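Let me begin by presenting the structure, written as structure tokens, before commenting on it.
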Amino acid sequence: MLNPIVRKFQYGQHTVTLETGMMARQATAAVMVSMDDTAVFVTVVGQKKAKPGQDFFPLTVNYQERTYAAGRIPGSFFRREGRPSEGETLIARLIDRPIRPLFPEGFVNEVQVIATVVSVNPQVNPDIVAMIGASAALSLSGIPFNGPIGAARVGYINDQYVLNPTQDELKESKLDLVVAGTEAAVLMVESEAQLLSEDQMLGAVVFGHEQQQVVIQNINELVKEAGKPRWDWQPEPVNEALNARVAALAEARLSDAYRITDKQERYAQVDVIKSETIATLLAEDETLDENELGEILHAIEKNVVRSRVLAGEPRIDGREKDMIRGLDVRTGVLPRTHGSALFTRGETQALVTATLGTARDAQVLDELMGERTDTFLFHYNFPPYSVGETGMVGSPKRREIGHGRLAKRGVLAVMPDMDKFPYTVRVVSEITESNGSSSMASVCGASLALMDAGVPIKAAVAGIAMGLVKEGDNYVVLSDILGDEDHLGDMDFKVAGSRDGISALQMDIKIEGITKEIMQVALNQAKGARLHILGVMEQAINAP
Amino acid sequence: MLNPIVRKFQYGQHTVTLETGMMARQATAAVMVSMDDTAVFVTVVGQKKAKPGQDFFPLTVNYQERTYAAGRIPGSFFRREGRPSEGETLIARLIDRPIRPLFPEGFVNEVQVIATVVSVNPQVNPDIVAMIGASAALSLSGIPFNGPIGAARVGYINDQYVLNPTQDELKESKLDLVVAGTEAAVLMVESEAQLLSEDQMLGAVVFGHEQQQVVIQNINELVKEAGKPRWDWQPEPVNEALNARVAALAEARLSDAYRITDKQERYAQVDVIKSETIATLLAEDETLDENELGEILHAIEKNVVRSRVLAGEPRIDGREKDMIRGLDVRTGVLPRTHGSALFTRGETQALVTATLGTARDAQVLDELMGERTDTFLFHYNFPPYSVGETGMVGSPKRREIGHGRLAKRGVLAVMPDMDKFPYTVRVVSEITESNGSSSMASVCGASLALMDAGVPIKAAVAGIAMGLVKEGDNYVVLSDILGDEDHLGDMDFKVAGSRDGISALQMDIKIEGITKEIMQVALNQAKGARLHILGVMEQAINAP
Amino acid sequence: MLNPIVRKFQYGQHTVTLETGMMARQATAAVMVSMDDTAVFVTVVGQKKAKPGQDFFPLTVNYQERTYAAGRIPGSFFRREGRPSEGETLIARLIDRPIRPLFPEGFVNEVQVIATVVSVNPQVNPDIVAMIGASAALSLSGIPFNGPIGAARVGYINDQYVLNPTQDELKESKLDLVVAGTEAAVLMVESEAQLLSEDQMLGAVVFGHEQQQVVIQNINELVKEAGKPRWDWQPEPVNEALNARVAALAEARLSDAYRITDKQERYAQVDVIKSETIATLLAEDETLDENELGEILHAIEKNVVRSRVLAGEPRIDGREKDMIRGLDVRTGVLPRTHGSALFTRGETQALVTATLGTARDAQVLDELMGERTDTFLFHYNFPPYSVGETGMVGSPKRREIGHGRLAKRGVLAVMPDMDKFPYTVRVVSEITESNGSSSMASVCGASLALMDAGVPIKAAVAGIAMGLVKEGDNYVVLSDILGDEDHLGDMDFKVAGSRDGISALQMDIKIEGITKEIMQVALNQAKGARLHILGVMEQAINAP
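Order-wise, the sequence lines are chains A, C and B.
Position 216 of the first sequence, counting from 1, maps to 216 under the entry's author numbering, and the rest follow consecutively.
Position 225 of the second sequence, counting from 1, maps to 225 under the entry's author numbering, and the rest follow consecutively.
Position 230 of the third sequence, counting from 1, maps to 230 under the entry's author numbering, and the rest follow consecutively.
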């Protein structure tokens, strides 16, 4: 006989139960989460010795909702679920994003987080239930993983924050955000609100982070109770011999390379510097490990950008911190469509179109919690010609779907109700070129496309992404980040809203140690830039 | 003018016609086997040149069912037969399973045996017609094949046997099995029975094997008449200079490596030896093939386990040759689903669920013969976290479909009729951990899920797997085999049924020379092992 | 801030507008094309450096129609276009085919042509608009391209040729062809014509070629205005010391290798020479490249065949310049289906079947501009066993859909109306062996299958493909070419029709400098071979 080890704790209005060490033993980690009646079984499998020819951390999270959870036989032709829907893909991204940055730098081992829904209650979502599982299992696995993260859902009724609102409570609620992060700092946040202000939008993030602290403490006690011992992993020793040998040839040229304004001219230049430096090092001796060099050159690229921002020197394209790129607004680009828009910011632009139809063309979503019909439709396409390369095209990938739901949340608060406008609207965003924010601009393109179409929107809506360069305690907040300022930066602080308030913001932080004090600066500077986008948008069109 | 080579012979109540030499002359083999209204054109293509590193034998069988065989336009959006359905995959396995062990060891050349149905009779099933088709083609191809095999459906009407029962006669029949084997011995068997005794179930396998002998004789005469010259292929010359060089270094390590008992600790130890023995030989001589060294180590692994079980000595986990693994019967493990079950046998586990629905949720099967509705549903999911590896959560592999119907056949005889219980039942089996037989454990969890849901089944149903190790003429029968035992053994003898009779039986023999005398011993020992599972199941629940 | 470069002109009636320099700046080239209201946004991306291990030229043209162009929400389940349809792949091939031979010999850099429909007029067809867009983008990119090409649709109303007919004007027309080619010579060509004569079909190609000249002139002027400078590219230099080194060892017996008749004996002989020549050259020195030696051997294979045909020597299988291979006509090959046919030409055969149905079984094509329901279906299947190789079977390949419609082009014109025959007919072609033209042999098998089914077709239809060997100004026209005479040849000239007129005409030229006189001779010589097949076809069956 095998007996499981359990621990029960009160969380909000529901009693969350965690179980381990009875179901999957062959898997490195296995926990079964049960908020109140909704259960999600999460397993984490990680290899001890991965491949040697790996340069990227290969983490994959597969979220899947079982049909027997609600107690219904699937409506598919084969009577068996198959491909994940738009709902299941968004939750998969909601679990990956917070857990990714907690892994130590230099960890290249393949890990897979399989989260399957067991049972479901029509009141409690299982999003946040699955996020606790990936937080509990990964801490019990032994795999080097900081945290663990807490999962919290924030509501807003009567100008006051409510922890974990049900489906019936969400009908009267104004704000709907999911907050995740470690005990020390916040890590992500996915929001969907009405038109709240800047102060109350930040207060909900702090509220949820304080409430999720109960979950974090209960997992930590379970690690010392049933958790497997930590992996004996050590990062590759910092070779000071090569870090001065490569830098004496590359750091001098790469410092001058990051002053070019054009993206095409800069990326072609840094590729040449990376090519001939390795070519010379291979000509010296064939012992030097190729990849190794690729990470040293990448470390120099990170050091050149970050140090110049902290000192007070001009950015890549030679732009101050609170300064943004130039704007180009074009309404009515297509001839035989309902609505069309061409919004351009610097060197990134989105061809956004709007379509109108009857209520019969509504998307009938067969969700696990309940069957609902979606009136407003938003689609995000990211073709390879935007970044300037070749790739596969046909079916939308993870992001494509994630950024599409993001741009939907930023407009959903503005969109008129069915009582005034009873027509199904489909908005398609086509990324023509991409350098900084592609999900954001869109929201700017959607507002121009919906007016042009004839949709009576409440107020013009815009949005821009923010960044951060943090080293020690001091920090610099960036307005309208570039491609090199996001991949080498510390966070992708996306904010979208109207003239009055904020519709929806996405918080993606890569480092731990983020504070509420530096959150206010990033929130306030985004509002000043948001009004600047709208000042040019209202210059072209101001009425539907 | 083109000319065909025709052979006709009487087989039961049907006449079988074999044509070769005119259709698909470019392919190594092409045989047109069409009985009384219906046929399955089968072609074999084998590459003369083997891969560069190819180690395993790549055999791929694609069985597809054209809709114009019955004379009907397919009911789809594209109006064309696309990817194979649940049915098409099953027959493909009935073609792939008997032919695979007949290919000689050391043969790594890629071969493809595809079968396409070109016309069809509502009374004669295309499954055995395709099996004879592949048997005739592979023998006429020239590719090293130790066949040919015969195909026969046995059935059971009025305490008697009838060779290849028709679709109308199958409704009155209490048995439905397809037997495949050579002139010397049996090789496979896929069966479905309505609670039959061991003597009647064993006598059915012998009956079908004796009746299919005329098929083998008629194929052999065609090979002597219109057969392509056999391939000049010889296995790698076995040298004792390299074998004893590894055996004096690895056999001592591998002997203690199979005494570890625990799966995770055994596989970790057995991988270390493989990773070190090859590495130490490469340090001494780097001109040796790594691919050859792994095949020798696999032969040593085969010699250690088989010799220990051949003599009176406990196996890899400490069990005797009839002793079965420990049991953990659990039900009502999940809250918000109709039926819950948790079955664990030693180191294998299956989370089985039950779901109830109306006649609206019935599976509408669009088969080649005609449209029918399926009331009982069974799905088999095999995730990567079961064995402790990383894979694509995606699905569903073939083995997943083949084992899905396997467990469906074991419960179908137990399941109540439509009149007494007019509800469509959906059963989903989730493999939590895998070691030994997980398909037989799915049948044990199925009965527990149905009783928890409230489904009034006839009796309790259970299932176990049996193994064999034979060297010369003497044999040792194993009860409830482990994973490896299945790979390093000789046969996968699966038996599923109740206390009274057998509901399902699968016979997957990988070696020829199997005796009728040893089959009645393995089936009788399986009955005693099945009653042990059923006794513990009745302890937790004996009625719904 | 952002300025476009625009040039608009006239092309018969609808004014064609071309725009570049604003949309998609990151990519290599992006041109906004359109006529009246139909707009197709085409992008071309070319990679600077080639992949180390490349031997072939990777051209991947993908055409995607988006439903917001017409102003309609898609009728799909997810409400997203996604994967390319049956129609979308045909236009993708219609763009890929003419542009492929224009790339210089030796160029191996990966290029992608992404053409997407963004706006559409219900009268103007996007297919010719997308072809102009790709022609403009490839010329403005700088990537080595020997264009530009023009696109013209030719109709035939009241014995007169009409340039670019609208969808309403096509109902009166008896011809619908899409002609493509450079300023000096024609390239590809696909037609469909209710039994028209040779001079009518030939004159229509010349008509469209002369009318599309104004398009090419306006593209060339735009390149002179705002075109990115031509790529600094130079092909691999001719190795005089290596080309003679291989020839003095391989060319001697490779000349005798293309002398034997049988395909299986020839392809085994040309492979065994290559397997021995390269093995000896690698043993002599290991500094040589694997792919470089194969390119010289292929040049020998090309030179041996072409030199014999041009001089006046007998062909590979011992045929004359106008001689057609042996024919085998069989019908009623299958028992339990409506239509059955087994047509064989030389060593190529197609198992063609005809299936009868009702109006309920008709395919509803959700095309961009249109709601038409197709009553006639044609499906082409090219399995791996036809060529004697091993591959993967699943979703119909681009080559299968292209030949499927191409075989449909010849049958649709001769088929009876819905008023006299109100049954939906499905035709499925199965290629069992292939060497010459299996797509045109499917048309011959289609007429035999329909007569066996009972379809009252107006006349019998047959056809063959034509080849040409031209290196100077003198030419040799070949009737019914092989696989070796098509790859090493210069053009693929497909003709299909009845005893009175031509139903289908396809033109696939790989070389520049095609004259008017060689196009009519290849068409007139095809008529003689077409009458030969129909004469043998009438011997078996003449009336249903």
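Where is the CB? At the ideal position from N, CA and C, for every residue including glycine.
Presumed contact (8 Å Cβ cut-off) between residue i and residue j, rounded CB distance
i	j	result
B:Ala460	B:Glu192	Actually they do not touch by this definition, with Cβ atoms about 18 Å apart.
A:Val186	A:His209	5 Å
For residue j and residue i, the rounded distance between their alpha carbons
i	j	result
A:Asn243	A:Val117	48 Å
C:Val333	B:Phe57	59 Å
A:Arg266	A:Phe343	24 Å
A:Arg253	A:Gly483	20 Å
A:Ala257	A:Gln264	12 Å
B:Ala184	A:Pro456	55 Å
C:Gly106	C:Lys48	15 Å
A:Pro122	A:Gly71	11 Å
A:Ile114	C:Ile99	36 Å
C:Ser386	B:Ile300	56 Å
B:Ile481	B:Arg7	45 Å
B:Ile149	A:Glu295	46 Å
C:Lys527	C:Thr375	29 Å
residue 557 of chain C	C:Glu198	For residue 557 of chain C there is no data in the structure shown, the boundaries of chain C being 1 and 544.
C:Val189	C:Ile278	40 Å
Proximity test, Cβ basis, 8 Å: residue i and chain A
i	result
B:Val117	no
C:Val393	yes
Contact under 8 Å by Cβ, residue i with residue j
i	j	result
A:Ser429	A:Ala407	yes
B:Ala134	B:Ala180	no
A:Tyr156	A:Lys174	yes
B:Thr20	B:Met35	no
A:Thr424	A:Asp361	yes
A:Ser437	A:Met537	no
B:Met23	B:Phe41	yes
C:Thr373	C:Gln363	yes
Chain B contact for residue i (CB, 8 Å cutoff)
i	result
A:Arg345	no
C:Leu368	no
C:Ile114	yes
A:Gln539	no
C:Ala50	no
Where residue i meets chain A, residues with beta-carbon distance less than 9 Å
i	result
C:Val428	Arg66, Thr67, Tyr68 and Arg80
Minimum Cβ-Cβ distance from residue i to chain C less than 8 Å
i	result
B:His403	no
B:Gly528	no
B:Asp322	no
A:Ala24	yes
A:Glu86	no
Cutoff 8 Å: residue i Cβ touching any chain E Cβ
i	result
C:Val387	Protein chains A, C and B are contained in the structure displayed, whereas chain E is not.
Residues that residue i contacts on chain B, provided the C-beta gap is smaller than 7 Å
i	result
A:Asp328	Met1 and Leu2
Chain A residues whose Cβ lies nearer than 8 Å to that of residue i
i	result
B:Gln167	Neighbours of B:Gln167 on chain A: none; closest Cβ ~15 Å, over 8 Å.
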